[PDB]
Amino acid sequence: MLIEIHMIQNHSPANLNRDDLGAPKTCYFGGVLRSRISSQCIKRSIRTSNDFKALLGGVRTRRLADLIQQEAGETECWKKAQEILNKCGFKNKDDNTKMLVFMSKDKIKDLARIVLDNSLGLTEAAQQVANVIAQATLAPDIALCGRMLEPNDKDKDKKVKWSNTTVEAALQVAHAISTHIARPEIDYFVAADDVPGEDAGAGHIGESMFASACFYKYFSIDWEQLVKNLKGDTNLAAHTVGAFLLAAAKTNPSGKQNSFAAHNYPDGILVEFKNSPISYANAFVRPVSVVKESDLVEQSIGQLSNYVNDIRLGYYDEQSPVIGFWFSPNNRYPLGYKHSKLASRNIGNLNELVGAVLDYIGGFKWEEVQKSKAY
Amino acid sequence: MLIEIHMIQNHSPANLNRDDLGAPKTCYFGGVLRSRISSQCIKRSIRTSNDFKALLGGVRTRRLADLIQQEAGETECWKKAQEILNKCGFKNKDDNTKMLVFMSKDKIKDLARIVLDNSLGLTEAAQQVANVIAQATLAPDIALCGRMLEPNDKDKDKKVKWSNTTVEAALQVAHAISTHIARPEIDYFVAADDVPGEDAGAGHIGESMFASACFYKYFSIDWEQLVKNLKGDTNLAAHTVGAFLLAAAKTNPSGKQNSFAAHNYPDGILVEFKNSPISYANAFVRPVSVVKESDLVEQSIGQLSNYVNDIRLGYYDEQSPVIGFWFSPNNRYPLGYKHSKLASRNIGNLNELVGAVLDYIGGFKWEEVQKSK
Amino acid sequence: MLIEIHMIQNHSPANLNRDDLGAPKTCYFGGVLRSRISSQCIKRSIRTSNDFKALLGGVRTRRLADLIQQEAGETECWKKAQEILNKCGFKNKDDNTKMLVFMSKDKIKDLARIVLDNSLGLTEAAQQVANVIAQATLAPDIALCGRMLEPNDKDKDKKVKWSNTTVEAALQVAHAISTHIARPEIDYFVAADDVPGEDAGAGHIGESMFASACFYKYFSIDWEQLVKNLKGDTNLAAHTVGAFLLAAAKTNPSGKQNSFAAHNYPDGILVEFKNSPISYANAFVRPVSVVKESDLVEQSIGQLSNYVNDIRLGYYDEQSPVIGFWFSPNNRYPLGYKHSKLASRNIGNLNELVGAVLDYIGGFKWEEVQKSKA
């Protein structure tokens, strides 16, 4: 079973993502220039969100020695921990490791205990550290995003063997493309010096780039793989799915948001359950041209509805029907009026939609999955 | 909890913001052109306003040497202060330090004056100046707009180390976007020679471009972040929030106002407190078209009311009810013609709105927070 | 502090302002078309007015050489003056100077003396002219409308220095916007040749444009900034404020007034003082529609009064009260007709209005301010 989240959301003039030169990210979809928000940016925004705070635990750092020292307390051993990691296969540059390590935060205590003892030697300590690190995949974010870890074989102890360090990713996120011709705008700014002086000019002259676009975002969650990655913790998987839905609905990339407060909520969310992943990005091969008698978001939702109906009637007509839930805020933008039956339900509340998804998944109340907390 | 201010404001034909070409700033929202005011323009108008004057601590200058020069001694500006600033990592070019330095106005300034004037030897005054600059952080405007500063490492000596200079901004300001399609108009002007000492000419002929629009404004002040940035001074943070709320309404951008006076106060302000920021800019993804039986402001407020009601009943109804206050001048424009009590209170005065906002902040009255600074 | 002037004027069918194509100026306010009179036209109408002639101590010119020659006398200093200006930072590549020097003061005799002084070098004479451009520091129109010139860098070698020239004007004038939907109309006219011919007779075919509108104007004078720009002299500032009020009350643009005489006077003037500028243009976001039992002027004034009441009751601060004077000819349109008095006092004649403004602003009177002849 796959959980497919299709989102149509319009943003205020902003620069959520940019490259080295500072311009908003762009893509060429359908032969025309579009506005792009990278999947990594949406993944980080969802991961570092209030709705996903409880299901954290995965830390991706090159400064593992600092964490080991902080957990161990006032016992020094930072240099010896760094050397243990060095023998394990993580060379340092100056003070941090040369490569990032993804690991559960609950095993920092195990690493600190393993480092702190004096009975263990150096090869044994490195082997134990590697064993602990490779087995720390219980965090929900590690389950969703995955992990790969290739230690430096050349700069590693000969008598240190690594177990399997990769975890399958249960979440697939596509780059957020725009539904129309994305035109960029240049903002001419100036920095003013408060001190009058004698120049009577400006502190700095520069060029800022921003763009506003209606974005189509696609998410895919593998329920069986998410359950397997958590070792059968079905309740934790349901909590992860619900909090992921709430986050993806309720948080935005934090890029230049102090000057571009683009905090717009999605105008329509389609949640569909199927055994194969289907992306409705081809609904917007034609860039949406705004007409006077309609609205850009309404036109995008109508095109999406037409493509969804075409896909349902031409690809998913079997003995197994596809059940999908359509969410709009207070049913502001429904699906196409020509069908009015594409979605199984038309929910007007985000919490109700989350509850419906959880109930359909395996039968799950939001309260009884939020109730799993440590205190 | 976040203090967010939504404003509907209609402006007279004016040029509040323009680019290097002189054209009023614009943007494409909803696929259609919109008149735009940059966020930094509103931020500086608030920062350089009379309601924010009591909390204006901070320079953001490239002439720190001139500020330190203000002592009686006049043999420490051109050589001494310039050398110490260069050794701190601030390159010099034409009696200015190239890049801006945001820093507290009075106290860290006279500390840097004391550091620069004799004693403590040489090659170490750069350390003291860097330490005082990187640690000030105590300013309502720095607490709101943030600070971010990396000195150039090529000129600075390797014996000087810089602490954390960046601070996290507690204020988010969105660009003001028109609720309708932009209508940029060209004004044709001439400049007339007073004395006819030659043939019957005119003088200078030019091009003036202006526009009139109804703007939707968005603000967001993080209360916990603002308190943290001010070293836990809750009274100073409350004063900052109240003064910002007053300024966002009572001051306008200071562009071509000598010829385009657009001193129109907003006809609708919506202040709601919430733990997550939501911007009601999608209320105007469909541009507002004026009908004969209404005006632009009322239609914009009605669309905003519809979007706000949709957000409230479509994103959270139980648990937190999202306390929100709606303000119009003498209740001139109600938030929609539907059933009332959509907002917690309807306030017809800006001072009572500030009082209610500060009361919800934790009960600090507007009278006694002015003594914080 | 700030002196705010709001007036409502109904104009007879005319073309007071026009663009390069001949059409009357228009603006899109509130989503609907409006008739517009540009702020610079109002500023010149006030500046070049009979009432504002005792303070016309300013001249904006490019032919400063002609003024220097006239002041000097029969002595020929035109070529020398143009050379001095060219090395001062006013280039001249043809028979026309491309810069509007707005010194405008009475200190042109000083410049003439510099040019005719046959004892100093041309570079230092240019420096003396340059550093006497800046210190005009006089004339009320400089204070109301400032300067910005900063010569050129393609000339004016670095051996010649310059001082600050900006004035930071103390007057803000808004564009006059109609309180209703603009109604642009077309006039059909011909040349009407004198001598008869065999045919009917038609000299030339053309189209003329005009409109009639009720205009709301906005003025704002910063008292402290106006005094600072004049380096004290509160009497001169009071005279300037009074003359500006009188001129704005009785002056109109001279655009096409020979054939479209529209010398109408305001139906009501609201003079109100506070510390921050307030514009009542949003009173007319909804255009004024014609009602059978009413007229355009009275409906416009009623809408203005409603918006002013809403603003006063919506932005009231106890420590800084906002008061104001309402004037209408012999109280033709009462502001507070029903039950209350929105304005502090209703004034029937303009002279007592200007007297109230003067004796509130500094306690001055309209009589003894005229003695400041120079």
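Chain letters run A, B, ... following the sequence lines, proteins first and then strands; every chain starts at 1. All values below were derived from every heavy atom in this structure, side-chain atoms included, with hydrogens, water molecules and symmetry-related copies excluded.
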Checklist entry - Counting heavy atoms not belonging to B/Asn50, are there more than 12 under 6.0 Å from its CG? => result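 Incorrect, the count does not exceed 12.
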Next on the checklist: With a 6.0 Å cut-off (strictly less than), is the heavy-atom count around NZ of B/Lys217, excluding the residue itself, greater than 12?
Outcome noted: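 Atom NZ in B/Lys217 is packed in, count exceeds 12.
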Checklist entry - Can B/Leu16 and B/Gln257 be said to form a side chain to side chain contact (heavy atoms under 4.5 Å, CB included), step by step? => result CA-CA 8 Å; B/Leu16 301 132; B/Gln257 305 270 20; 3.5 Å; yes
Does a side-chain heavy-atom distance below 4.5 Å link [X] with [Y]?
X	Y	result
B/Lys25	B/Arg18	no
B/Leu171	B/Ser220	no
B/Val59	B/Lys109	yes
B/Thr234	B/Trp223	yes
B/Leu236	B/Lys373	yes
C/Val308	C/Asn306	no
C/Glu168	C/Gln225	yes
B/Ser212	B/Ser12	no

[atom2] on [Y] to [atom1] on [X], rounded to 0.5 Å:
X	Y	atom1	atom2	value
B/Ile177	B/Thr26	CD1	OG1	13.0 Å
B/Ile278	A/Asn264	CD1	CG	10.5 Å
B/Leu245	B/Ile221	CG	CD1	7.5 Å
B/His175	B/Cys27	NE2	SG	9.0 Å
B/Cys145	B/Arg60	SG	CZ	6.0 Å
B/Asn346	B/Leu342	CG	CG	9.0 Å

With no hydrogens and no angle check, do the side chains of [X] and [Y] hold a donor and an acceptor under 3.5 Å apart?
X	Y	answer
B/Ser49	B/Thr251	no
B/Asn10	C/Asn282	yes
B/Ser178	B/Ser35	no
A/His11	A/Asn252	yes
B/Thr61	A/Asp194	no
C/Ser320	C/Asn275	no
B/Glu352	C/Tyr316	no
B/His263	C/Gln172	yes

If only atom types and distance count, is the side chain of [X] paired as donor or acceptor with the main-chain N or O of [Y] below 3.5 Å?
X	Y	result
C/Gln303	C/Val285	no
B/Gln299	B/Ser294	no
A/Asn349	B/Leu313	yes
B/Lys43	B/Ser39	no
B/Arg36	B/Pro24	no
B/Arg34	B/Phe29	yes
B/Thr165	B/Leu149	yes
B/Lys53	B/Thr48	no
B/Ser328	B/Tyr333	yes

State yes or no: are the ring centers of [X] and [Y] separated by less than 6.0 Å?
X	Y	value
B/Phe260	C/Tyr218	no
C/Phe273	C/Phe325	yes
C/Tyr280	C/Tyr216	no

Item to check | Trace of the side chain to side chain contact (heavy atoms under 4.5 Å, CB included) decision for B/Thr137 with B/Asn229 | outcome: CA-CA 7 Å; B/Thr137 320; B/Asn229 279 0; 5.7 Å; no
Can a salt bridge be assigned to the pair [X] and [Y] using a cut-off of 4.0 Å between side-chain N and carboxylate O?
X	Y	value
A/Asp51	A/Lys250	yes
B/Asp310	A/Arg332	yes
B/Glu272	B/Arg312	yes

Non-hydrogen atoms of [X] and [Y] that approach each other most closely:
X	Y	result
B/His180	B/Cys214	NE2-N, 3.0 Å
B/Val369	B/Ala238	CG1-CB, 3.8 Å
B/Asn17	B/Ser38	OD1-OG, 2.8 Å
A/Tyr265	B/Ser276	OH-CB, 4.0 Å
C/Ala343	C/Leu335	CB-CD2, 4.2 Å
B/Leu100	A/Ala191	CD2-CB, 4.0 Å

Checklist entry - Passes side chain to side chain contact (heavy atoms under 4.5 Å, CB included), A/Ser45 versus A/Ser254? Steps please. => result CA-CA 7 Å; A/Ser45 83; A/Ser254 72; over 6 Å; no
Item to check | Audit row: C/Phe284, C/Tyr307, ring pair (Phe, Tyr, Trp, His ring centres under 6.0 Å) steps and yes/no | outcome: CA-CA 9 Å; C/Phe284 319 99; C/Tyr307 187 70; 8.1 Å; no
Checklist entry - Relative to B/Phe52, does B/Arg47 satisfy both conditions: NZ or CZ under 6.0 angstrom from the six-membered ring centre, and within 45 degrees of the ring's axis? => result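 Geometry flag: not set, cation outside 6.0 Å or 45°.
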Item to check | side chain to side chain contact (heavy atoms under 4.5 Å, CB included) evaluation trace for B/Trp366 with B/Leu246 | outcome: CA-CA 11 Å; B/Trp366 178 237; B/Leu246 280 186; 3.8 Å; yes
